[PDB]
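Quick notes on the structure that follows.
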Ligand SMILES: Clc1ncccc1Cc1nnc2cc(-c3ccnc(NC4CCOCC4)n3)ccn12
């Protein structure tokens, strides 16, 4: 029989064996395994999306995007397993090289040296530079999606929430609401919920930096609307100028009705942190998304000057365009597209 992990069948034999639980989500589970053919340890992400259009969209995007990415700081896809015919396909298994841990687990057991924080942050932004150069938004950057080895190599994973946004088109009003994980959500995800940009990823990285500095989430909102109150509790109330940049009248009136909060100085929250790290943190956690530092400027910041080197920081040679966005289709058509995108890993073809 096929191996089972916590009640989930993993139909990945005979090539992949010795499965161990790593984690799970609403419609998927990840296990470690052994690749008997290449004699290497792998992670396998089982995805079962086909009953819901949104799940199918996210499965197709993760596959299409990662199959076209090749970058040292981004998890690669080794192999994709699914049934030989579309009717039998209920699950898709994405196979990746196995990393030792993630940043979420590391921060449970270790206080990081400034050198480790600096080097980890560089690698995050080095991978993000490549992602953003491809016109992709990751939209769910957080410690558990940053994979780590003992060599301190870092790789970004889980592109289930990622998508392409062709800059030739205005995506205002067409972007999915309620993206990112709550504590890592930029304010405009709540105040401009269908019209944010790739700068929400920079905000997430800022939340990650703060978490590396103190081993605690900086904005641990208890529910969706509580999240904005945590953000404003530290940044203080938005300036008049920043307010009048919120185009949504409803969101702008909601903000005008909040009680005034003063800014908490960064070095009061992080009194032992590198002042350069706090300066970069401040620019990444900037309320106004258009004033927020962009990925290349973040790499060029004094905090990262031991590592910044554009001659060794690849960008995408064919940035993605609208063709990568054609997924507002019935889930039955998306299943056909997923079948086609994964056909290159099938015997025959
Ligand atoms: Cl968990 C989950 N479940 C359902 C949906 C989404 C997700 C999140 C998610 N997506 N892709 C992935 C990939 C991986 C992965 C890839 C390579 N090496 C390792 N090594 C582990 C070993 C134990 O320590 C943590 C690192 N993990 C992890 C989570 N991943």
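Residue numbering in chain A adheres to Swiss-Prot, whereby the residues present occupy positions 10-358 in order.
Each Cβ is built from the backbone N, Cα and C atoms, and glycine gets one as well.
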### Query
Looking at 142, 223, 284, which one is marked phosphoserine in Swiss-Prot?
284
### Query
Considering the residues 110, 185, which is the one that Swiss-Prot annotates as phosphothreonine?
185
### Task
Select from 308-312, 313-317, 318-322, 338-342 the stretch of residues annotated by Swiss-Prot as motif 'Cytoplasmic retention motif'.
318-322
### Query
According to Swiss-Prot, phosphothreonine sits on which of 160, 190?
190
### Query
To which of the residue ranges 327-333, 348-354 does Swiss-Prot assign the term motif 'Nuclear translocation motif'?
327-333
### Task
Would you measure the largest Cα separation among 31, 32, 33, 34, 35, 36, 37, 38, 39, 54 for the ATP site and round it to whole Å?
14
### Query
Excluding 31, 32, 33, 34, 35, 36, 37, 38, 39, 54 themselves, which residues in that chain have a Cβ inside 8 Å of the centre of the Cβ atoms defining the ATP site?
55, 56
### Summary
For residue 187 (phosphotyrosine), the number of neighbouring Cβ atoms whose distance to its own Cβ is within 10 Å equals 10
### Distal contacts, the DNA-binding region (259-277) - CB-CB under 8 A, six or more residues away
199-201, 241-247, 252-253, 284, 287, 290-291
### Top Cα neighbour of residue 246 (phosphoserine) in the set of recorded positions 31, 33, 35, 37, 149
149
